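We place every Cβ from the backbone using ideal geometry, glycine too, and count neighbours over all the protein chains shown. All of this is worked out from the model, or read from it or from the source named; none is laboratory data.
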Amino acid sequence: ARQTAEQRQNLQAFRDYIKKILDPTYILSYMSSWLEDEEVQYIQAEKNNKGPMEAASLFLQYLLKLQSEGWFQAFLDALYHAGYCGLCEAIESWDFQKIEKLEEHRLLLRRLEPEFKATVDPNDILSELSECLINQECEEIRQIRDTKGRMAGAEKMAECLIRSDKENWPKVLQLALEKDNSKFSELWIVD
Amino acid sequence: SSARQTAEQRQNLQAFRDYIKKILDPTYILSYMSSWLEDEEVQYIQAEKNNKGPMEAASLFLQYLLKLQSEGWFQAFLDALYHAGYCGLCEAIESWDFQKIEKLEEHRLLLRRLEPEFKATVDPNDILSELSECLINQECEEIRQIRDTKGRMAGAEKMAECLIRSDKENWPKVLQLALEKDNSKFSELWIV
Amino acid sequence: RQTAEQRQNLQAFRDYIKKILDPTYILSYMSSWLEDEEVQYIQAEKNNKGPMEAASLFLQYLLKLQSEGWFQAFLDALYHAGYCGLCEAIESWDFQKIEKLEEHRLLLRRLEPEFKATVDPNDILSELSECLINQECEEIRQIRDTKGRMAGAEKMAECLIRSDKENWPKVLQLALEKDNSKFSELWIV
Amino acid sequence: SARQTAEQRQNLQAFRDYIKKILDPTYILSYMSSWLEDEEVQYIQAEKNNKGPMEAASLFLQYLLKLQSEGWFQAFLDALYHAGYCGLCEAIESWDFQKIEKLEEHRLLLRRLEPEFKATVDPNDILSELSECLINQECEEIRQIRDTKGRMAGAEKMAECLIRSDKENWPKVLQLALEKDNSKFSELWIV
Ligand SMILES: [Cl-]
Ligand SMILES: [Cl-]
Ligand SMILES: [Cl-]
């Protein structure tokens, strides 16, 4: 049970990468047997009241105090089956290089988000990008597009890509933008 | 509501505290809370629901309820539960018999564990109408709002969480029947 | 004086009101009595939780007002929005006509699946318009025209269940019979 | 310089009530996401969804008044302008809200007439004539509501956006559009 101590120290070290990717509300269905119903609802309420990142921070607070045998592997499995293969792979090997290399394109898309909202319609490329987002994120993007309009939906799409753990989502996005012939492709340089 | 009757009413509430806090959202009996509780205590209970969730709000509501002394607080509580829709929970408290609510535990755990498969194969728009009498009236309304603002998986998860907290003795069977009408991949996983 | 008495009756009957009233339909009449934040909080509650939770929040605010004439503004707003039945009940504090509808609220709740399968709102919406708020009829038509018959049929069923019109069950029977629909055989009043 | 920061904070605090009646911060967050913490950005978005624009703007100002990085104020002005808040930008930049105060009379009149507006105006008829007075994303949300919930729902959303418009002449543009459509509401809206 020194492995656990080493596992706890590393999570705190990499909490800034984790909270930038993980929306814990998406992996609570795979971890419900490890958390109290009250803890599940507190994490869910924190997401609705403050956002994904603070919800992830609270989820880690609970995660770092668990003691049952195998709590860490349960987290890895929950991440994987929810769709966080990239984040799961990074945590399992404590190597965030593939996620660090994405920082440049996280900064670029966030800086260019106004042009993104002005020139991209999520209804045109969401299917091509469904391998870079959690299935529920794609569902929320379509509902927002259907209730609030194109610009509102495009912003949700941009925010979801920024938190994607797929090492090549910038290239996936470039290909989708070119297939639809979008003014934004001229602003998106991958290779 | 003498001294020997409050003690029995208090003893009964604590005896079933885990059954109550797993079913009751005190936000739904707010007209009872405001006429029997201090206004400040009501707002703390409301803050607890918004900030922590229904279960923590129910736990806090019970703390206040167990300290009341006013005449008729217990029977008023039962009356509130019934008119809110908590017929099963109200019927259980009056007769100290939670057998019908205990038989549901088997299906509460099953749906909780199978929640990923539920969200993946079920659309509340297909079964919400069939399941209305198993949920509180406000729960049906929030399920549709979530379904329309966040999508199918989000609405399905809220529905599953509301079924888990249902006190209707036969909601597992009603759910199975609705699932069969649509011929859904989840029916093979839901045995009653 | 009468404010204090009117305040006490609202709390007594709040649960009947929030079963009928969607405050989103009377906020255009009441914005001068509520802070802008309170108006928008009620609107967000409607979008996030539904009419009933929005009505509960509106009543909490309404029960703390003190300005002169807030109650009379509420009655008039109910009328101009279309809540004639609910307005008539509040003026006399007699909810017998709305209580008597509970039997048919439960029946239409039971039969909503059969309703969605056999009823087209485009056929009876006009006959039932005086049982619904005008804005509800518009949303039923938008749903019917964008999402299909069942979606509009479900929206209609949910709106009738919340109707304060004392004779909407009989109006529904007659309209369904006028069109000769398979659901009329299950709807007898 | 700290002097300019200090003076800019006092003036923002001085006008916080004019700002929070016009500014929906969700519309200028894409231009300022680089100046706020990810947590602060998402909390502002949750506040909009949970409480509305005014509470979101009030929360946004609390964060704005604690910034210290070089150029945060000019970034705020740039975000406002390019989002479409030219009038509010002109008012904040020059500390003159005369044009926005002069609108108070017509904000009150339209709000009072909101029932008559919803009953006689269809956004499909005047939205194009009025798009100059509204944020581009507001026009998209008006059409989505108009197309999913109907005319009265869209008409009320339209009035709410006009009420928060920072264009000094939106009352006159509305009158002209209502006359072009020959609308029952024109008899109630002059000047
Ligand atoms: Cl209430
Ligand atoms: Cl536009
Ligand atoms: Cl002009």
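Would you check if there is a residue in region D:149-157 being small (G, A, S) and in a loop (DSSP other than H, G, I, E, B)?
Yes: one or more hits.
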**OP:** Would you check which residues across region C:19-56 are of a type in the set (D, E, K, R), part of a helix (DSSP H, G or I) and over 23 Å from C:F95 (Cβ atoms) and list them?
**Re:** C:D36, C:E37, C:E38, C:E45, C:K46, C:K49
Subject >> Pick from region D:155-191, criterion within 14 Å of D:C139 (Cβ to Cβ) and away from chain C (no Cβ under 14 Å), ranking: farthest from ligand 3 (Cβ to nearest atom) >> reply: D:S165
Original post:
Condition test on D:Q175, is it crowded, with 19+ Cβ neighbours inside 10 Å and not assigned by CATH to the domain that holds D:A79?
Top reply: no
Original post:
Out of all the residues in region C:1-23, which are away from ligand 1 (no atom under 11 Å from the Cβ), within 11 Å of chain B (Cβ to nearest Cβ), closer than 15 Å to C:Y61 by Cα and within 22 Å of the chain's Cα centre (by Cα)?
Top reply: C:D22
Subject >> Complete set of residues in region A:4-32 that are free of Cβ contacts under 8 Å to residues at least 60 places away in the same chain and out of contact with any helix residue (DSSP H, G or I) (no Cβ under 7 Å at 6 or more places or on another chain) >> reply: A:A5, A:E6, A:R8, A:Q9, A:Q12, A:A13, A:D16
Original post:
Looking only at region A:120-131, which residues are outside any helix (DSSP H, G or I), under 17 Å from A:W169 (Cα atoms) and within 14 Å of another protein chain (Cβ to nearest Cβ)?
Top reply: A:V120, A:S130
**OP:** Taking B:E41 as the residue in question, decide whether it is surrounded by 14 or more Cβ atoms within 10 Å (Cβ to Cβ), under 27 Å from A:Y42 (Cβ atoms) and touching a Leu at 6+ places or on another chain (Cβ under 7 Å).
**Re:** no
**OP:** Report, by residue number, each residue of region D:154-172 that is over 18 Å from C:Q40 (Cβ atoms) and away from ligand 2 (no atom under 16 Å from the Cβ).
**Re:** D:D166, D:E168, D:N169, D:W170, D:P171, D:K172
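With the condition kept exactly as written, say whether any residue in region D:79-86 is within 14 Å of chain A (Cβ to nearest Cβ) and within 19 Å of C:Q40 (Cα to Cα).
no
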Original post:
How many residues does region D:139-153 contain that are more than 16 Å from ligand 2 (Cβ to nearest atom) and under 17 Å from A:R150 (Cβ atoms)?
Top reply: 1
**OP:** Only one of these is closer than 27 Å to D:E37 by Cα and part of a helix (DSSP H, G or I): A:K117, A:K166. Name it.
**Re:** A:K117
Original post:
Yes or no: C:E53 at the interface with another protein chain (Cβ under 9 Å from one of its Cβ atoms), under 30 Å from D:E47 (Cα atoms), more than 16 Å from ligand 3 (Cβ to nearest atom) and acidic (D, E)?
Top reply: yes
Subject >> Cβ-Cβ under 6 Å pairs, at least 6 apart or on other chains, region D:117-146 side farther than 16 Å from D:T26 by Cβ, far side within 9 Å of ligand 2 (Cβ to nearest atom) >> reply: D:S131/D:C139
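In contact with a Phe, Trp or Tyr (Cβ under 9 Å, 6 or more places away or on another chain) and under 30 Å from A:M53 (Cβ atoms): is that true of D:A75 in this structure?
yes
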Original post:
Any idea which of D:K172, D:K157 is touching an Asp or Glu at 6+ places or on another chain (Cβ under 7 Å) and either farther than 22 Å from C:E37 by Cα or not small (G, A, S) (or both)?
Top reply: D:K157
**OP:** Could you please let me know if D:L103 is in contact (Cβ under 8 Å) with a residue 24 or more places away in the chain, within 22 Å of D:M54 (Cα to Cα) and away from every other protein chain (no Cβ under 14 Å)?
**Re:** yes
Original post:
How about region A:84-138: which of its residues are under 26 Å from B:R147 (Cβ atoms) and not assigned by CATH to the domain that holds A:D191?
Top reply: A:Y84
Original post:
Yes or no: B:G155 surrounded by 19 or more Cβ atoms within 10 Å (Cβ to Cβ) and in contact with a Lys or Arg (Cβ under 8 Å, 6 or more places away or on another chain)?
Top reply: yes
Original post:
Right, A:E137: among the charged types (D, E, K, R), more than 16 Å from ligand 3 (Cβ to nearest atom) and part of a loop (DSSP other than H, G, I, E, B) or not?
Top reply: no
Original post:
Name the pairs: first residue in region D:169-191 and within 14 Å of D:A119 (Cβ to Cβ), second residue of a type outside the set (S, T, N, Q) and within 16 Å of ligand 2 (Cβ to nearest atom), Cβ to Cβ under 7 Å, at least 6 apart or on different chains?
Top reply: D:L178/D:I126
**OP:** Give the number of residues within region A:60-100 that are of a type in the set (G, A, S) and either part of a loop (DSSP other than H, G, I, E, B) or free of Cβ contacts under 8 Å to residues at least 40 places away in the same chain (or both).
**Re:** 4
